[PDB]
Amino acid sequence: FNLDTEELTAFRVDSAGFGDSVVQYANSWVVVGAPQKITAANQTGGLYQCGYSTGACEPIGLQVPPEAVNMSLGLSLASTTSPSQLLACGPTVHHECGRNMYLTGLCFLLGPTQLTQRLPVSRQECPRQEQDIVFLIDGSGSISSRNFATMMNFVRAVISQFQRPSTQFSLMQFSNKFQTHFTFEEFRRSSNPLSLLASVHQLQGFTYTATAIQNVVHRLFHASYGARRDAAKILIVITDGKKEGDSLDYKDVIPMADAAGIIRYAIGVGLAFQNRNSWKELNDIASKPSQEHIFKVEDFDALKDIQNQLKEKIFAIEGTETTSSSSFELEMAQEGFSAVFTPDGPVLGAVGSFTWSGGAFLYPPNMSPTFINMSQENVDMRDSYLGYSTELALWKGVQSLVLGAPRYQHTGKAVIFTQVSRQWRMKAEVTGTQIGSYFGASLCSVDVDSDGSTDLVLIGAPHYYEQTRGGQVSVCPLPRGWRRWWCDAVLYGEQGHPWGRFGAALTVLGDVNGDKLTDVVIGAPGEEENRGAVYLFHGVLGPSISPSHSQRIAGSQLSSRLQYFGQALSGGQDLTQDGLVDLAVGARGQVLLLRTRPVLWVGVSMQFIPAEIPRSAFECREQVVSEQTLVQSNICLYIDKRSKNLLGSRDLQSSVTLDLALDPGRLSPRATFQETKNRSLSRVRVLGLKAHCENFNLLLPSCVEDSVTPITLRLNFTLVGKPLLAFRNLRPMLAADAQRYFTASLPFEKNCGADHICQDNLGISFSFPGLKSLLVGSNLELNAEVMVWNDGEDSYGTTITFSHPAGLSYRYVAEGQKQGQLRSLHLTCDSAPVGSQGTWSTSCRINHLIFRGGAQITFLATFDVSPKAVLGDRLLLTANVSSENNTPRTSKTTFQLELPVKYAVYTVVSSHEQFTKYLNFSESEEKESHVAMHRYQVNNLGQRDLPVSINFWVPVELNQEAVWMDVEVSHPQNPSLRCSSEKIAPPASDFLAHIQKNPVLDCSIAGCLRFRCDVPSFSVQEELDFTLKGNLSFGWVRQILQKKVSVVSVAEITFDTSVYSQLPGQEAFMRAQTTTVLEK
Amino acid sequence: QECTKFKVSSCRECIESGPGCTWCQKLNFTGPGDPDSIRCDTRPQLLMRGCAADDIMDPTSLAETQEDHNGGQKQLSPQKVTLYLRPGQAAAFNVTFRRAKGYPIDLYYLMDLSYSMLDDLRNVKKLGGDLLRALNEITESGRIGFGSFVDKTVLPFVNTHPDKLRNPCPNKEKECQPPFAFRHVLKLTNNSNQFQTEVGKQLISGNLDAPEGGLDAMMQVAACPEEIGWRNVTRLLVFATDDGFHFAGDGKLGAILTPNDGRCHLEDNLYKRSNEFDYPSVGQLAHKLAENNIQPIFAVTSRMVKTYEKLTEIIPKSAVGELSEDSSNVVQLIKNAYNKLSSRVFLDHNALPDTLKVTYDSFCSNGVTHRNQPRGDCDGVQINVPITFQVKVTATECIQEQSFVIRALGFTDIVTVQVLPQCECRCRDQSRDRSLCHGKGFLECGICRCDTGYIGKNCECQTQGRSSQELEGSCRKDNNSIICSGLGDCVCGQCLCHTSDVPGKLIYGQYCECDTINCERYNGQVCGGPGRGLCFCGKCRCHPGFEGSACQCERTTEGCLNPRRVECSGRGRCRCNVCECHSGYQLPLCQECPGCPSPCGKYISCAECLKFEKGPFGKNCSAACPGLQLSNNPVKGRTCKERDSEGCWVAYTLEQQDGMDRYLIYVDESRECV
Ligand SMILES: *[C@@H]1O[C@H](CO)[C@@H](O[C@@H]2O[C@H](CO)[C@@H](O[C@@H]3O[C@H](CO[C@H]4O[C@H](CO[C@H]5O[C@H](CO)[C@@H](O)[C@H](O)[C@@H]5O[C@H]5O[C@H](CO)[C@@H](O)[C@H](O)[C@@H]5O)[C@@H](O)[C@H](O[C@H]5O[C@H](CO)[C@@H](O)[C@H](O)[C@@H]5O)[C@@H]4O)[C@@H](O)[C@H](O[C@H]4O[C@H](CO)[C@@H](O)[C@H](O)[C@@H]4O[C@H]4O[C@H](CO[C@H]5O[C@H](CO)[C@@H](O)[C@H](O)[C@@H]5O)[C@@H](O)[C@H](O)[C@@H]4O)[C@@H]3O)[C@H](O)[C@H]2NC(C)=O)[C@H](O)[C@H]1NC(C)=O
Ligand SMILES: *[C@@H]1O[C@H](CO)[C@@H](O[C@@H]2O[C@H](CO)[C@@H](O[C@@H]3O[C@H](CO[C@H]4O[C@H](CO[C@H]5O[C@H](CO)[C@@H](O)[C@H](O)[C@@H]5O)[C@@H](O)[C@H](O)[C@@H]4O)[C@@H](O)[C@H](O)[C@@H]3O)[C@H](O)[C@H]2NC(C)=O)[C@H](O)[C@H]1NC(C)=O
Ligand SMILES: *[C@@H]1O[C@H](CO)[C@@H](O[C@@H]2O[C@H](CO)[C@@H](O[C@@H]3O[C@H](CO)[C@@H](O)[C@H](O)[C@@H]3O)[C@H](O)[C@H]2NC(C)=O)[C@H](O)[C@H]1NC(C)=O
Ligand SMILES: *[C@@H]1O[C@H](CO)[C@@H](O)[C@H](O)[C@H]1NC(C)=O
Ligand SMILES: *[C@@H]1O[C@H](CO)[C@@H](O)[C@H](O)[C@H]1NC(C)=O
Ligand SMILES: *[C@@H]1O[C@H](CO)[C@@H](O)[C@H](O)[C@H]1NC(C)=O
Ligand SMILES: *[C@@H]1O[C@H](CO)[C@@H](O)[C@H](O)[C@H]1NC(C)=O
Ligand SMILES: *[C@@H]1O[C@H](CO)[C@@H](O)[C@H](O)[C@H]1NC(C)=O
Ligand SMILES: [Ca+2]
Ligand SMILES: [Ca+2]
Ligand SMILES: [Ca+2]
Ligand SMILES: [Ca+2]
Ligand SMILES: [Mg+2]
């Protein structure tokens, strides 16, 4: 609520795209991208460096490399703090590979203590394509040697167009024999390959075309002859006539050429190929489609005409086996599309990589970059954009990357990766819901309590469609442990804006009001015809975020010239150097700084001298208003408990205006102020840290109609400390969720009788109906049934107060629908921290009613128990009862009740999949024993670092025969070698019959080994892996006279059940089971 | 039935206290010790107390059906409904829909013209005869238009190097044209010769980024009746492709952030500005096609159908069908489109302001018992078959007069509905009897209404004056209560509750016993805040769409339901847009129990049952594996691998869907033995 829309700074700069992206840099500058600015010939992208003191912006003088062409820099921005670093990107770097154009990505990495780096260091080299091409030469005698020479010069003609080393050739001549004139290996090594074409002479002879082809496929395209492993394989056959005398059919040989993946081109020379049958033979020589692969040549003259276009045809190379698809890799990743620093090093977003599946690059400190993405196993990730959005999640130590995929199956998805061993893997994933919702468009990690660890991540979807409002943000708790990631809460914008783009931009503004909880900003630049608006949200206690905004600043409210306000957000830094965080917001043509205002927390102390109005004063003496009685009100104001953001000057002095009001909102003001004739008094006083306390004198008349309703004094107050000494600082303000109206009661003494003394006697006593043990986090409400009774005076303003520790406090409950003899009663309560170390007092007035001196009343009081309430192992709460007439005596009515306290945990253990199920043997080798392994998997899913003890049961001896043998517990990772073993004699039973029905061997019949491995501190989210290993003997099976026996071990998690109790229901999950099968 | 008093100083304020609150006007019904509030109660209570029935004012909500003249059709009625709507009292009227009359029809074909569509292009070039032949079996004189799409022409969507921009199709060919977003092939017309003249005429083209920029097309389609023209009559579109589609947020890849204008910026019948605007959002066109009343048909490859299937819930007026790589059934497809497109009847409404709510019953003529859903929706409704949409209108406030339209989706028929508030009941006035209230006020339906300085059942007293002790035996609830309960300086046997000038603090009641604050709190607000509900005398009365002791929850269950539309898988149940998932099944929708003993080992027999037809469950199969369906294709779930009846490692994927012990299996046809 404290974002200041009055005293802002606005940087409007007419460079194309100025403000489409912006980040806070180095606690000094707001750095603005302008992706479409024309800085030079065919160069786009402009960067600006604005400062608050100046109020104007300067362009950043980068030496920008020519190899990258219209990157459009500024489109992507990022910044960090460890030392100050700016990372700028234009990920539309145009890159020409002759005929084709690509978008590689180039980022700059700047710093005030360093010189500018460039990521990736290498400029992206063109793909190239390794091709291996064999010419097959008909050398038969039907070809004139003047024609043969024309054809061979056509061969050098063609080879001259194929630049090696991407292209290699090999040559064979054929007829009635076959002549390898050079291998691929030889073509590569020569400094003038063409010289080998010269050293060749015609064979003459018959025509064995098919044999020559079979000869090529199994020889020239083998790696022994220099053929390259992964290379496009092409065979060019040139001939002047049919195969004739060929002992092999094309039908016989062709399959190996296709089986290996070799393109078959046919060049037929002469009118011998004009007719039906010769066309069909060319078809068998060439590959289908036969038009693409056959070319009819008139003499040996037209040969040179097709040359260039046959060139063109072979250059048109592509995979054809799976419908000539458009399957890519790292050509158009647009690396650096989404940028996000980490402690390991920068991370750049790969989007179009691997046919727009995506990923991202980590750049460790001055060493080999690594590429995060899902494996090629996950087919469905094509065309997703995984890496469009990238953000860092950080728990106590290990880093994690979240990446957003606008298009995952047209809906959206975001995926958490972490590091298994040294290798990145998917930790967990979560999807969008509405198709075209564009889930994953935005990413922001939120540390709600500022413990240094990301508590949850916000995920945008700014074109989400509902009839009235456009966008949303998913509030997703971090899973920890390899478990399903889920999302808790959906946010929305002020509706009436179906395409407002809510969830476009995000940013953590930090702690803004002083409450130790995090506040975040959300962009909706499409609202109000794309005028734009910004939302401010507060982080709830615990891991979640408020279902409602606490401030919505539409740029339309800010200015008549604002479009796309909130397109970009970067919050978190003291750019103005005035002590508080600032918010940087981009809009179409300008970037704005918004400031938080200080949020002061005022303490209010109210008391009267004396406690009550004695009849001595209230009584009449026949003269109206004679000898008015003097009573003092003493109020203290202090400003404390939430200084937090501030200290010293400005935290101190702050002037405040006071308004006192005697008997307010009533017709008959029964007191007045001595300082001024009137029920009301106002004055201007000075607060600093320790309170300001003041006596105010009340004149109450002699004759006063109402001596029952206590006289009430109320406190309206407002800050008027306009000139505070430092920073020319903003208007300090008061928490708008806090209260500004405060009351105090001046009761009267009451006539219990003209000849009666008045002693009030009240007693109180409460219980907790139905309650068994108390479990923090399972039991969230505490239901107190308070009985209170009157054995004395009639009680006016009956007031019950409770003593309870900070972790719980009273929640008003309503009951209704005729039900019960129960608490239908109206009343008023107040909780307030009191004392030295951690307790509170909740104080409750029965109003409307006079608690009569012989009746009792029982009523209900419910206390919300924080699931993270720190109570100790015992909870004690107390109860005081009194009237408005203030307990004039000694022994206290206090009733108190103290309980044992248990805390919730969530522990699970499971059978692992890597177990030797079904061992075997058969008739013969019973003496043989075989290595058997069972494995169990345990995980602390709860909230508390509790110690545990892991227990295992393993059949070792059945009726004297070894079953398992030499079992040990292997605990590899975190090898606290403590395990303990105890042999256990088995429940004496009729084991033939017992195994007969349900042939399973477990500890019910088997002498067992029990393993106890004590975990001294099974901290949350920790995983442990335990394995049971030992040779399973076969010899005992004959004892039981069955063929199909199985063998089972059990695991059970134990802990101190007096201190901790596992969450209800989900309690079976700490006892698990794994089975191996024996078969004769 | 039910009446809780808010401040009751007149007939109107009695009415604003709720639907069941009625007001007795009988003079001196007020007992000398029974003050004015008692006149506001349920009608049975006022009658039991002796109030004449004709003196009980009870404005009731009603609907007035003013049907629009004569001539035309008997398809949608009534055409004008005027509402006299009382807060909290539902005004329900009945809408009859009986489409029988056929109407003309315009069909506009949208052609993916990429390298993958040549086998479709040659075929559809020659079909214009069959198309008119099939249309005119049902409608009279159908019409045919044509446009085509590839993608945005800038990198990264199609290659922009001059040689490739020249021949974008594979180098293997000419007979291709430079890449384009949306080209316009002239107008819908009455000639399949004209169809041939211009449709056979133009060339196929090509793309780089696999998804199709066809949403730029449909936005330009719905924006250029000046350049295309549609008849108001049925307006159909056929989106046809082998590929997927681009949408909003993708244009950032080409450094073009500005979202779609929606304005025809057309030059020479081609989308020229397309590289300067992002793709429209999915909902952006669901809305724009609804504005101009267009039903898209999705003529896509079998491998895109599931994703186009999902587009019928964002735009209800659309149809989805699978068809061949040939386009060899686009006739049968469009026959099926119209058949089940016209089999749906949808009834929705204009933008209701927050003050109002409209809900629907929907009686399907084929026996579907259905009531209480915020959508008029029935299926399979034939020809000339009347169905029923009961329109229930309920308002919160004493609203301003206001008009809105309820419309059938797919048509330009309009039912104009007008809303009048029913707040001020009818009474006499200050011209009748200025003697009672002593000339310091006037009279309305019984009780005197007093001037600003006067009070009392007959305005006799004045605000600057006394009280009375024996009257203060009535000016308090009972012997053991406080006079006015505190919070009131008592006058003349009635209480005058105090002023607390703080937000939303009123003290009210016959004895100032109630307030607008001291109710249950949700989020950090009184009754969850003013949006979610209101606070009256210790209890929350929640607004439409909310319920709970503090308006804690939303009436909506859509939050507990999965895409299959079942609450909390089949493993939990629904409480406030939240599932409570039994055992280890996890949030949100209770699908997955990432922790349960994975059930592979007990489905050995079942897997080899169903693929390999062997194992112990031969002849036993179906009954012995009842929760399991077998899938032709790989499934998503749990990897299993284990030894069958003979010792072969059968590998299969086991995917639990909605229910207890209910699965899909993909079995690898390969065994693995030794
Ligand atoms: C997330 O990111 C990951 C990783 O970044 C992506 O996963 C990767 O996908 C890429 C897909 O393109 C893969 O790149 C291809 O790699 C081929 C060779 O792969 C590389 O690795 C070689 C060895 O790796 C395997 O083996 C090691 C052990 O040695 C093992 O540790 C690995 O895990 C890996 O294991 C494989 O096998 C197992 C089981 O078999 C399987 O589970 C795995 O998934 C793996 O498949 C290594 O030797 C290579 O290095 C050299 O070789 C290159 C050859 O071109 C050379 O250029 C390099 O300079 C280097 O010297 C290589 O690093 C490679 O063949 C592919 O090449 C095709 O595509 C390129 C373009 O990328 C084209 O230009 C080529 O022309 C070629 O296409 C042509 O040929 C094919 C057919 O290939 C011939 O063989 C047939 C017989 O098999 C013949 O009949 C036929 O006629 C052909 O002659 C045609 O189909 C084409 O149409 C065309 O004609 C390509 O570069 C990469 O390996 C893989 N990574 C891993 C770990 O698997 C994910 O995709 C990404 N996520 C998403 C969602 O996208
Ligand atoms: C990187 O950033 C640079 C910034 O400088 C970009 O440079 C701009 O690039 C564009 C091209 O993408 C230039 O576009 C221009 O084309 C304008 C009109 O286009 C129309 O005219 C063409 C004309 O060609 C035919 O007609 C003439 C008639 O004289 C004949 O000579 C020709 O042979 C053709 O028959 C048509 O072909 C076309 O279809 C359109 O109708 C024109 O106004 C411009 O002068 C220029 O030609 C733009 O001007 C460039 N600006 C600058 C300052 O360089 C560059 O594009 C970016 N990178 C990439 C890869 O594009
Ligand atoms: C139980 O209820 C009783 C009755 O209201 C509470 O007693 C009150 O306790 C407060 C302190 O919380 C006393 O205020 C004190 O005033 C003296 C005046 O000199 C001052 O020196 C102290 O520092 C303190 O401010 C108050 O006088 C006292 N009133 C009565 C009638 O006993 C009691 O506090 C409740 N229980 C607990 C645990 O506080
Ligand atoms: C620079 O821009 C011109 C167009 O003005 C373009 O022809 C040229 O290819 C661009 N860059 C290079 C490296 O040639
Ligand atoms: C012994 O175990 C092997 C696997 O290691 C299994 O294939 C075989 O079936 C077992 N023996 C017999 C006789 O089945
Ligand atoms: C234990 O088992 C392993 C492998 O199963 C085998 O090599 C070894 O000989 C066995 N030892 C005994 C004592 O049975
Ligand atoms: C048809 O509807 C259009 C709006 O798309 C409108 O311009 C036209 O007036 C309507 N037809 C007639 C005959 O008025
Ligand atoms: C068929 O299944 C039943 C239990 O479902 C089992 O008792 C019976 O043995 C099975 N039959 C065969 C031939 O395996
Ligand atoms: Ca935290
Ligand atoms: Ca805060
Ligand atoms: Ca600042
Ligand atoms: Ca096709
Ligand atoms: Mg020859």
# chains A, B, ... in the order shown; residues from 1 in each chain; ligands from 1
$ residues_near_ligand --ligand "ligand 12" --cutoff "7 Å" --atoms "only C-alpha atoms and all ligand atoms" --output "compact mmCIF listing (two decimals) with C-alpha atoms, in the first residue's frame"
# COMPACT_ATOMS: atom_id res chain seq x y z
CA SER B 116 3.36 -30.69 -46.33
CA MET B 117 -0.03 -29.91 -47.92
CA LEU B 118 0.49 -30.53 -51.65
CA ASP B 119 -1.39 -33.84 -51.46
CA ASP B 120 -4.27 -31.83 -49.99
CA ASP B 242 -1.15 -31.13 -40.89
CA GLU B 325 -3.54 -36.80 -45.16
CA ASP B 326 -5.44 -36.65 -48.48
$ residues_near_ligand --ligand "ligand 2" --cutoff "10 Å" --atoms "only C-alpha atoms and all ligand atoms" --output "MDAnalysis selection string"
(chainID A and resid 36:44 69:72 92:96 101:102) or (chainID B and resid 154:155 159:162 178 272)
$ residues_around --residues "residue 493 of chain B" --least-positions-apart "5" --cutoff "9 Å" --atoms "only C-alpha atoms" --output "ChimeraX atom specification"
/B:33,35,456,467-476
$ residues_around --residues "residue 528 of chain A" --least-positions-apart "3" --cutoff "8 Å" --atoms "only C-alpha atoms" --output "JSON list (two decimals) with N, CA and C atoms, in the first residue's frame"
[["chain", "number", "residue", "atom", "x", "y", "z"],
["A", 497, "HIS", "N", -11.16, -6.62, -17.68],
["A", 497, "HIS", "CA", -10.02, -6.53, -18.59],
["A", 497, "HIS", "C", -9.68, -7.93, -19.06],
["A", 500, "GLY", "N", -5.82, -8.03, -20.14],
["A", 500, "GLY", "CA", -5.08, -7.03, -19.41],
["A", 500, "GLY", "C", -3.63, -7.39, -19.24],
["A", 531, "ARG", "N", -3.33, 0.56, -21.65],
["A", 531, "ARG", "CA", -2.72, 1.65, -20.89],
["A", 531, "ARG", "C", -1.76, 1.09, -19.85],
["A", 532, "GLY", "N", -2.18, 0.07, -19.13],
["A", 532, "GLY", "CA", -1.27, -0.64, -18.25],
["A", 532, "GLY", "C", -1.56, -0.38, -16.78],
["A", 556, "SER", "N", -2.73, 4.82, -16.40],
["A", 556, "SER", "CA", -3.74, 5.81, -16.77],
["A", 556, "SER", "C", -3.97, 6.81, -15.64]]
$ select_by_dssp --residues "segment 552-647 of chain B" --states "alpha helix (DSSP H)" --output "list in words"
residues 604, 605, 606, 607, 608, 609, 610, 621, 622, 623 and 624 of chain B
$ residues_near_ligand --ligand "ligand 10" --cutoff "6 Å" --atoms "only C-alpha atoms and all ligand atoms" --output "ChimeraX atom specification"
/A:511-519
$ residues_near_ligand --ligand "ligand 11" --cutoff "6 Å" --atoms "only C-alpha atoms and all ligand atoms" --output "PyMOL selection string"
chain A and resi 574-582
$ closest_atom_pairs --of "chain A" --to "ligand 1" --cutoff "8 Å" --atoms "only C-alpha atoms and all ligand atoms" --output "Markdown table"
| residue | atom | partner | partner_atom_place_in_ligand_line | distance |
| --- | --- | --- | --- | --- |
| A:127 | CA | ligand 1 | 74 (O) | 7.6 |
| A:128 | CA | ligand 1 | 74 (O) | 7.7 |
| A:129 | CA | ligand 1 | 74 (O) | 5.8 |
| A:130 | CA | ligand 1 | 76 (O) | 7.0 |
| A:229 | CA | ligand 1 | 94 (O) | 7.0 |
| A:230 | CA | ligand 1 | 54 (C) | 4.7 |
| A:231 | CA | ligand 1 | 76 (O) | 5.8 |
| A:232 | CA | ligand 1 | 100 (O) | 5.8 |
| A:233 | CA | ligand 1 | 94 (O) | 7.1 |
| A:259 | CA | ligand 1 | 90 (O) | 6.6 |
| A:260 | CA | ligand 1 | 90 (O) | 4.8 |
| A:261 | CA | ligand 1 | 92 (O) | 3.6 |
| A:262 | CA | ligand 1 | 92 (O) | 6.7 |
| A:318 | CA | ligand 1 | 98 (O) | 5.9 |
| A:319 | CA | ligand 1 | 98 (O) | 2.9 |
| A:320 | CA | ligand 1 | 98 (O) | 6.0 |
| A:321 | CA | ligand 1 | 96 (O) | 6.7 |
| A:322 | CA | ligand 1 | 96 (O) | 7.5 |
| A:324 | CA | ligand 1 | 98 (O) | 7.6 |
| A:327 | CA | ligand 1 | 12 (O) | 7.6 |
| A:328 | CA | ligand 1 | 72 (O) | 6.3 |
| A:329 | CA | ligand 1 | 72 (O) | 5.6 |
| A:353 | CA | ligand 1 | 116 (O) | 7.3 |
| A:354 | CA | ligand 1 | 116 (O) | 4.5 |
| A:355 | CA | ligand 1 | 116 (O) | 6.7 |
| A:356 | CA | ligand 1 | 116 (O) | 7.7 |
| A:357 | CA | ligand 1 | 115 (C) | 5.1 |
| A:358 | CA | ligand 1 | 116 (O) | 6.8 |
| A:359 | CA | ligand 1 | 1 (C) | 7.0 |
| A:371 | CA | ligand 1 | 5 (O) | 6.7 |
| A:372 | CA | ligand 1 | 1 (C) | 7.4 |
| A:373 | CA | ligand 1 | 1 (C) | 4.9 |
| A:374 | CA | ligand 1 | 113 (N) | 5.2 |
| A:375 | CA | ligand 1 | 1 (C) | 4.7 |
| A:376 | CA | ligand 1 | 110 (C) | 3.9 |
| A:377 | CA | ligand 1 | 44 (O) | 6.7 |
| A:378 | CA | ligand 1 | 115 (C) | 5.6 |
| A:379 | CA | ligand 1 | 115 (C) | 6.0 |
| A:380 | CA | ligand 1 | 115 (C) | 7.3 |
| A:381 | CA | ligand 1 | 115 (C) | 5.0 |
| A:382 | CA | ligand 1 | 115 (C) | 5.8 |
$ residues_around --residues "segment 300-313 of chain B" --least-positions-apart "4" --cutoff "8 Å" --atoms "only C-alpha atoms" --output "PyMOL selection string"
(chain A and resi 409-410+435) or (chain B and resi 239-244+317-325)
$ write_last_selection --atoms "N, CA and C atoms" --output "CSV table (one decimal), in the first residue's frame"
chain,number,residue,atom,x,y,z
A,409,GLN,N,2.7,-28.3,-25.6
A,409,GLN,CA,1.4,-28.9,-26.1
A,409,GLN,C,0.4,-27.8,-26.1
A,410,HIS,N,0.8,-26.6,-26.6
A,410,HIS,CA,-0.1,-25.4,-26.7
A,410,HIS,C,-0.6,-24.8,-25.4
A,435,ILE,N,-5.6,-24.4,-22.5
A,435,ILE,CA,-4.8,-24.5,-23.7
A,435,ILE,C,-4.6,-23.1,-24.3
B,239,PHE,N,-10.6,-24.5,-40.7
B,239,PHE,CA,-9.1,-24.5,-40.5
B,239,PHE,C,-8.6,-25.9,-40.8
B,240,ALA,N,-7.7,-25.9,-41.8
B,240,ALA,CA,-7.2,-27.2,-42.3
B,240,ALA,C,-5.7,-27.3,-42.3
B,241,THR,N,-5.1,-28.3,-41.7
B,241,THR,CA,-3.7,-28.4,-41.7
B,241,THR,C,-3.2,-29.8,-41.2
B,242,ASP,N,-1.9,-30.0,-41.5
B,242,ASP,CA,-1.2,-31.1,-40.9
B,242,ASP,C,-0.4,-30.7,-39.6
B,243,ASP,N,-0.4,-29.4,-39.3
B,243,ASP,CA,0.5,-28.9,-38.3
B,243,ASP,C,-0.3,-28.2,-37.1
B,244,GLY,N,0.4,-27.6,-36.2
B,244,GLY,CA,-0.2,-26.8,-35.1
B,244,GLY,C,-0.3,-25.4,-35.5
B,317,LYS,N,-18.8,-22.6,-30.0
B,317,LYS,CA,-19.3,-22.6,-31.3
B,317,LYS,C,-18.1,-23.0,-32.3
B,318,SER,N,-17.8,-24.3,-32.2
B,318,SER,CA,-16.7,-24.8,-33.1
B,318,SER,C,-16.9,-26.4,-33.1
B,319,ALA,N,-16.2,-27.0,-34.1
B,319,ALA,CA,-16.3,-28.4,-34.3
B,319,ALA,C,-15.0,-29.0,-34.7
B,320,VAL,N,-14.8,-30.3,-34.3
B,320,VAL,CA,-13.5,-30.9,-34.4
B,320,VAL,C,-13.7,-32.3,-35.0
B,321,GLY,N,-12.8,-32.6,-36.0
B,321,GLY,CA,-12.9,-33.9,-36.7
B,321,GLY,C,-11.6,-34.4,-37.2
B,322,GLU,N,-11.4,-35.7,-37.2
B,322,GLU,CA,-10.2,-36.3,-37.8
B,322,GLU,C,-10.3,-36.6,-39.3
B,323,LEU,N,-9.3,-36.4,-40.0
B,323,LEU,CA,-9.4,-36.7,-41.5
B,323,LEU,C,-8.0,-37.0,-42.0
B,324,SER,N,-8.0,-37.5,-43.2
B,324,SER,CA,-6.8,-38.2,-43.9
B,324,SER,C,-5.8,-37.1,-44.3
B,325,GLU,N,-4.6,-37.6,-44.5
B,325,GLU,CA,-3.5,-36.8,-45.2
B,325,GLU,C,-3.9,-36.4,-46.6
$ interface_residues --of "chain B" --to "chain A" --cutoff "6 Å" --atoms "only C-alpha atoms" --output "VMD selection string"
chain B and resid 161 171 282 to 283 480 to 482 485 498 to 500 520 583
$ residues_near_ligand --ligand "ligand 6" --cutoff "6 Å" --atoms "only C-alpha atoms and all ligand atoms" --output "VMD selection string"
chain A and resid 928 to 931 1031
$ closest_atom_pairs --of "chain B" --to "ligand 8" --cutoff "8 Å" --atoms "only C-alpha atoms and all ligand atoms" --output "CSV"
residue,atom,partner,partner_atom_place_in_ligand_line,distance
B:615,CA,ligand 8,14 (O),7.4
B:616,CA,ligand 8,14 (O),3.8
B:617,CA,ligand 8,14 (O),5.2
B:618,CA,ligand 8,13 (C),6.5
B:619,CA,ligand 8,13 (C),7.4
B:620,CA,ligand 8,1 (C),4.9
B:621,CA,ligand 8,1 (C),7.9
B:623,CA,ligand 8,5 (O),7.5
B:624,CA,ligand 8,5 (O),5.1
$ write_last_selection --atoms "C-alpha atoms" --output "PDB file, in the first residue's frame"
ATOM      1  CA  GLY B 615      -0.230 -66.782 -18.496  1.00  0.00           C
ATOM      2  CA  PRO B 616      -2.530 -67.935 -15.708  1.00  0.00           C
ATOM      3  CA  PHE B 617      -5.317 -65.645 -16.881  1.00  0.00           C
ATOM      4  CA  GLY B 618      -5.972 -67.384 -20.188  1.00  0.00           C
ATOM      5  CA  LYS B 619      -9.777 -67.765 -20.445  1.00  0.00           C
ATOM      6  CA  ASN B 620      -9.620 -65.881 -17.123  1.00  0.00           C
ATOM      7  CA  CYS B 621      -8.577 -62.531 -18.575  1.00  0.00           C
ATOM      8  CA  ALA B 623     -12.858 -60.751 -15.338  1.00  0.00           C
ATOM      9  CA  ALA B 624      -9.449 -61.231 -13.712  1.00  0.00           C
TER      10      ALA B 624
END
